[PDB]
Amino acid sequence: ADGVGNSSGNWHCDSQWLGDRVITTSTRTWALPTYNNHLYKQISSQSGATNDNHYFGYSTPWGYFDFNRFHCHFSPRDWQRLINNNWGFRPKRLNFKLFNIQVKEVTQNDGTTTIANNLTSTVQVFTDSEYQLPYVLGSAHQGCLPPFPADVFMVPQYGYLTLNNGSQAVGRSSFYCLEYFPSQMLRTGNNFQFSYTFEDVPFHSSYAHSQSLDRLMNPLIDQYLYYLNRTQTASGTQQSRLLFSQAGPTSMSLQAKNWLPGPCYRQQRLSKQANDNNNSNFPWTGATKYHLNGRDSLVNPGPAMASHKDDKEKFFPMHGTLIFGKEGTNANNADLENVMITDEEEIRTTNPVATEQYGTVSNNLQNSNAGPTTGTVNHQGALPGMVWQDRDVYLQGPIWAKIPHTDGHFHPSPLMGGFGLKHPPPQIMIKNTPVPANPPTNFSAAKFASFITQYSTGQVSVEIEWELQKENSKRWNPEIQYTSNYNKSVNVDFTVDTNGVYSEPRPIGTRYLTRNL
Amino acid sequence: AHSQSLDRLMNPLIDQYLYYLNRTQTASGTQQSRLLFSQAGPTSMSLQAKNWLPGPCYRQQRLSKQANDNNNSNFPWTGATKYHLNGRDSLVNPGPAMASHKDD
Amino acid sequence: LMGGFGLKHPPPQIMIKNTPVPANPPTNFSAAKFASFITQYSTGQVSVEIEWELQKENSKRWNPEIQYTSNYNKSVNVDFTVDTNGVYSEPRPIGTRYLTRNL
C-alpha cells in the first residue's frame with residue numbers, strides 16, 4: 001500500500017516503563033537467503049551415528065524469526081531496572097512487524113558479482129497461529145535476533161524432525177509442506193503485522209529467599225512435640241532404652257517440620273580448578289541421562305537444583321546448568337575460561353544441591369540381632385509437602401517454551417528456564433518466492449531447476465508488554481543489587497570494542513531481591 | 001499418536017547457542033584432565049539441552065512371545081513388580097502407562 | 001564563553017544514517033553477524049528556518065554613528081563573493097557591535 005518509494009515502517013527500538021508494566025520494543029535488520037534451492041529435502045542421520053544420535057526429518061526452503069532470547073527485548077540497563085526493583089515479571093502481549101522489504105537479484109559473471117533491485121519480486125510470510133507445524137522455537141537454537149540493535153542478522157532456516165527407526169522413517173512420520181498454508185505475499189512496499197496475547201502464566205521469581213526451608217522455626221522457643229533422642233541408655237551399662245526430648249534452639253535438625261525440599265535427579269560434580277577432576281573422559285559415561293525408546297538422552301540442565309552448597313563455589317554440576325560463551329568463543333572444545341557457566345546458588349534454601357543426595361531412608365527392619373541399615377536417595381520424585389523453585393532466567397536465554405501436548409504433565413515449567421506456554425508465540429515463517437529463469441521455447445513437463453538467484457532484506461520490529469511485580473519488602477538492611485564495577489578498565493562491559501564487536505561479559509540472572517519463605 | 005519423539009523437538013538444521021561439556025580429558029597428546037565445551041547441534045542430538053523429561057516409570061519384567069527365549073523357572077509372582085499395602089503384596093497390573101517395547 | 005546564547009534546552013540534535021543493506025547471504029545459515037554490505041550513500045536537501053526577534057535602536061545622539069560598511073575603492077575581488085574559480089570567501093570577522101548606548 002506504498003510502492004517503490006515509500007517506507008512501510010519506522011524504526012522503534014525504545015523501552016517504556018509505566019511502573020506496573022514495561023513495554024520493550026526492538027527493531028532489527030535481517031537478510032533472508034534462498035535455502036536449499038527452493039526445495040523440501042528429507043534429512044537423516046548418517047551411518048556410523050550412534051543409536052542415540054539418529055534422526056529423520058525434513059529441511060524446508062522457509063526461514064523463520066526467533067525473538068525467544070531475553071536480550072533481544074532488553075538492554076543491559078533495562079534488565080538491571082527489572083531485576084533490581086522487582087519480585088517478578090511475566091509477558092502480557094506482543095506485536096510483530098516486517099517492513100521496508102527489499103528483494104535483491106544477484107548475477108555472477110567472471111569474478112564480478114552484481115546485485116540489483118528486483119522490484120516486482122515477492123517474499124512470502126505466514127505466522128502459524130493454530131500450531132499445526134512442528135514447533136522448533138523452544139530448543140534454544142541460534143538465529144535469534146541479536147543482542148545489539150545495530151547488528152544485522154541472517155534469518156535461520158526452518159526444518160523439523162519426526163519419528164525415526166534408526167536413520168529410517170516409520171509410517172507415522174509426518175511430512176509438512178509449508179506451501180500448503182495461506183501466506184501473505186509482499187513486494188517492496190508491502191508490510192506484515194500480527195498481534196499475540198500471552199495466556200495467564202505465573203510471574204517468574206526475581207527474588208531469592210531470606211530463609212532456608214529448614215530454618216522456618218522460632219529460634220527462641222522449644223517445640224511441644226517430642227522426638228526420639230536416645231535409642232540407648234545414656235550412661236552405665238549400655239542397654240536398649242527409648243528416650244524422648246523436645247527439640248529446640250540447640251538442635252534444629254531434630255525438630256518436626258511441615259515441608260520437604262524439592263525433587264532431585266542427581267548430577268556429577270565438576271571442579272573448576274584444573275587437575276581436581278578425575279583423569280578419564282566421562283562427559284557421556286558418567287552422565288545423568290534419561291532413556292526413551294532405546295536412546296539415552298543426556299539430562300540437561302534438568303530439574304532445578306542448587307549448583308553447589310555453602311563455600312563450594314569452585315564446583316558446578318556436570319550438565320546441570322546453563323553454559324553460555326564469550327564473544328568470539330570457538331564452537332567446539334572451548335576452554336573453561338571461554339564459556340560462562342551460570343549458577344543456581346540462590347535456590348539452596350529450597351531445592352536440593354544438584355550434586356548431593358536427596359537424603360537417606362532405612363532399607364531394613366532392625367531388631368536386637370539386626371542393626372539398622374539405611375540407603376541413600378540419589379533421585380526423588382514428588383512427595384507430598386515438597387516446595388521448590390524453578391530455574392532462573394538470564395539476560396541471555398529462553399523466554400518461553402511450548403508445553404508438549406500430552407495427557408498429563410507435572411509442573412510444566414521449562415527446564416532451561418522461561419515460561420511454559422500451551423499456546424506460545426506462533427512461528428513466523430518467511431521465504432523468497434521462486435523466480436524462474438527463462439523457460440525453453442518448447443514445452444517440457446519437467447519441473448524447473450533453473451531459478452534467478454535472489455535474496456531479501458528488510459526490517460523487523462518486536463514489541464512485548466511485560467507485567468511487573470513490585471518489591472514490598474520490610475527488611476531494614478540494604479539488599480544485593482546488580483551493579484557495574486567502578487574500577488577502570490580497557491573496555492566498558494556490555495559495550496562494543498575498538499573493532500565494533502558487541503560482547504556480554506557475564507550471564508546476568510534475575511534473582512537479587514530477597515523474600516521470606 | 002505423536003508425530004515426534006520428546007527428545008526430537010529440536011530444529012535439525014540449527015545449532016544451539018548453549019554449550020555443553022564435550023570432553024573431561026584432553027583430546028590428544030599426553031592424557032590430562034581438561035574441561036572442553038562445545039555447542040550441540042545436528043550431529044549430536046542426545047547432548048542438547050532440553051526443556052522436558054519423559055513420564056514416570058515403575059519398571060516391569062520383559063517377556064518374549066517366542067517359546068524358549070524366556071527363562072526356565074516359574075516367576076509370574078516372584079519376578080513380578082508389585083506394591084505393598086498393610087502386609088499384602090499386590091501385583092501391579094497393568095500399572096503406570098509405559099511403552100510396551102522399544103523399536104523393533 | 002565563545003559567544004551566543006546559553007540554552008538549557010537548546011535546539012535538538014538531528015541524527016541521520018544510511019540504513020545497512022546486506023550483500024547476498026550464504027546459502028547455509030551462519031549466526032555470525034554480517035560484515036558484508038552494499039556500498040551506498042545518500043544525498044538530499046536540508047532547509048532551516050529561524051525566526052529572530054529584534055530590538056530597535058532608540059538613541060537620541062545628535063552626531064552620526066559608526067556603521068559596518070563596504071569600501072568603495074576598486075579591487076580585484078568583491079568582498080563576501082566568489083572568485084574566478086568559484087570559491088566563496090569571507091574577508092573579515094564581522095561583529096555585531098556598532099550602534100552605541102549609554103551605561
Side-chain angles (χ1 to χ4, degrees), chain A residues 7 9-11 27-38 59 61 63-64 66 99-100 102-108 113-117 141-159 327-328 331 432 453-459 496 499-502, chain C residues 1-55 78 80-90 93-94 96:
Chain A
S7 67
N10 294 132
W11 186 270
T27 308
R28 304 292 167 85
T29 299
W30 52 268
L32 177 64
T34 296
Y35 285 131
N36 66 350
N37 287 284
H38 304 87
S59 62
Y64 64 92
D66 186 4
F99 56 91
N100 294 135
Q102 296 175 336
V103 178
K104 301 296 182 68
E105 60 186 341
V106 177
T107 61
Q108 293 179 336
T113 187
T114 299
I115 297 169
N117 289 336
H141 296 294
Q142 297 173 337
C144 189
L145 302 177
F148 182 74
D151 290 346
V152 176
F153 68 96
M154 180 172 174
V155 176
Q157 188 177 356
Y158 178 75
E327 184 66 15
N432 292 286
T453 298
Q454 63 181 20
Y455 68 94
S456 62
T457 60
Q459 306 302 322
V496 297
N499 295 131
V501 176
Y502 176 79
Chain C
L1 295 174
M2 292 187 283
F5 312 82
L7 309 174
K8 286 185 172 308
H9 303 292
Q13 292 178 329
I14 299 102
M15 299 296 180
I16 187 168
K17 67 176 292 182
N18 293 286
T19 299
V21 177
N24 58 343
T27 58
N28 290 283
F29 173 77
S30 178
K33 62 183 293 181
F34 286 94
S36 180
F37 289 139
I38 291 170
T39 298
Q40 63 181 19
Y41 69 94
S42 62
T43 60
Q45 306 302 322
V46 60
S47 294
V48 180
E49 182 180 3
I50 297 172
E51 185 180 5
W52 297 91
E53 185 179 2
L54 298 174
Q55 187 175 356
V78 176
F80 287 132
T81 300
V82 297
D83 60 354
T84 58
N85 295 131
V87 176
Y88 176 79
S89 65
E90 292 172 346
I94 300 170
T96 197

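Proteins get letters first, then strands, A, B, ... in listed order; numbering begins at 1 in each. Scope of the values below: all heavy atoms of this structure, side chains included, with no hydrogens, waters or symmetry mates.
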Portion of [X] that has a non-hydrogen atom of chain C nearer than 4.5 angstrom:
X	answer
A:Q102	side chain
A:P146	neither
A:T34	backbone

Original post:
Does C:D83 have any salt bridge (charged side-chain N to carboxylate O under 4.0 Å, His left out) partners at least two apart in sequence or in another chain, and if so, which?
Top reply: none

**OP:** Would you name the heavy atoms of A:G500 and C:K33 that are closest together and state the gap between them?
**Re:** O-NZ, 3.4 Å

Subject >> A:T113: partners by side chain to side chain contact (heavy atoms under 4.5 Å, CB included), with sequence neighbours left out >> reply: A:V106, A:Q108

Original post:
Who in residues 36-53 of chain C is close to chain A, using a strict under-4.5 Å heavy-atom cut-off?
Top reply: C:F37, C:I38

Subject >> Heavy-atom contacts under 4.5 Å, residues 8-21 of chain C to chain A >> reply: C:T19, C:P20, C:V21

Original post:
Any side-chain heavy atom of A:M154 within less than 4.5 Å of one from C:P26?
Top reply: yes

Original post:
In terms of heavy-atom proximity below 4.5 Å to chain A, should C:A23 be classed as side chain, backbone, both, or neither?
Top reply: both

